[PDB]
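Structure record follows, encoded as structure tokens.
The values are calculated or read from the model by the stated rules, or taken from the named source; none is laboratory data. Counting neighbours? That spans all protein chains shown, and the Cβs are built from the backbone with ideal geometry, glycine included.
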Amino acid sequence: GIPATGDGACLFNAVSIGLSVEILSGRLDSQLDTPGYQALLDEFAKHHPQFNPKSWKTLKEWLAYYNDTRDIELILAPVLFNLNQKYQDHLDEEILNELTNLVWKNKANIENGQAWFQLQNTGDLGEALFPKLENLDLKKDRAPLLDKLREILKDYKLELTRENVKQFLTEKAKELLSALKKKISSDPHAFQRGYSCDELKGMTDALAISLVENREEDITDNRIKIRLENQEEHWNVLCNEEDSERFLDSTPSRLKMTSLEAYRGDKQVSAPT
């Protein structure tokens, strides 16, 4: 197994290496015109201003020129992290349900100016009621969130029931909910928080790939497989010797930025040549 960089989005680093092999080997050629891969191409061009023309020919050229495994991670893992967010269909409902639990269990607490630590964050089964909200930054995000909910709650005109809260927030907190989705899906803590294979499933389905974690393979699945080894928080990607020799590490390492500097995207990668 090839170890992926732990820095940044470690699962995305591993997937980027495995995906690059499948792409450069030609084994995904039948898929490159499908909507998933056109979306990948769009995200690659959005992240890399020197990428031109916008085509899978150019994308393969970039993977062939930046073929050192660390360079692949640096040029492709941010792109896959951005693409993954296009497939987070569930996230709007999830954040609405978190915000609903927060307000339903704490309406008076919030109105009365209590601090985040004083809020009920656990339900009647011991379940976490809003874990993604509570992972936001305490001073930059969670304090302003409580101030914003104090404003919003001045218009609450109903009996306090969970259903009434949920409908109220759907109508009256649309812009707040959109902003919370952006933070939860793309802020630096979200990039670094550690993902499971299932949290990429919408993307990998659209890319016609199955992520195989620790030999846990569905033999009824005839899609291209990216094989991974999950090491508590470390990740290896499996690559046979023939594919390794032909499609990885054929070029010297060229890029010097960190994973988080690569994700930020301010430093341009030079076009090949």
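Listing for the model above:
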{"item": "Residues of segment 255-273 satisfying the condition of being within 30 Å of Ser210 (Cα to Cα) and not hydroxyl-bearing (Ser, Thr, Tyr)", "result": "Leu255, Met257, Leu260, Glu261, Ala262, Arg264, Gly265, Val269"}
{"item": "Residue within segment 213-229 that is closer than 15 Å to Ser16 by Cα, out of contact with any strand residue (DSSP E or B) (no Cβ under 8 Å at 6 or more places or on another chain) and touching a residue at least 40 places away in the same chain (Cβ under 8 Å) present", "result": "no"}
{"item": "Only listed residue being assigned by TED's automatic domain parsing to the domain that holds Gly18 and either of a type in the set (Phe, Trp, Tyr) or without any contact (Cβ under 8 Å) to a residue 40 or more places away in the chain (or both), chosen from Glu232, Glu171", "result": "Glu232"}
{"item": "Number of positions in segment 86-121 that are out of contact with any strand residue (DSSP E or B) (no Cβ under 7 Å at 6 or more places or on another chain), among the polar types (S, T, N, Q) and in a loop (DSSP other than H, G, I, E, B)", "result": "4"}
{"item": "Filter result (of a type outside the set (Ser, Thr, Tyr) and either farther than 15 Å from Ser16 by Cα or not in a helix (DSSP H, G or I) (or both)) within segment 244-259", "result": "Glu245, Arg246, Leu248, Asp249, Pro252, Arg254, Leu255, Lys256, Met257"}
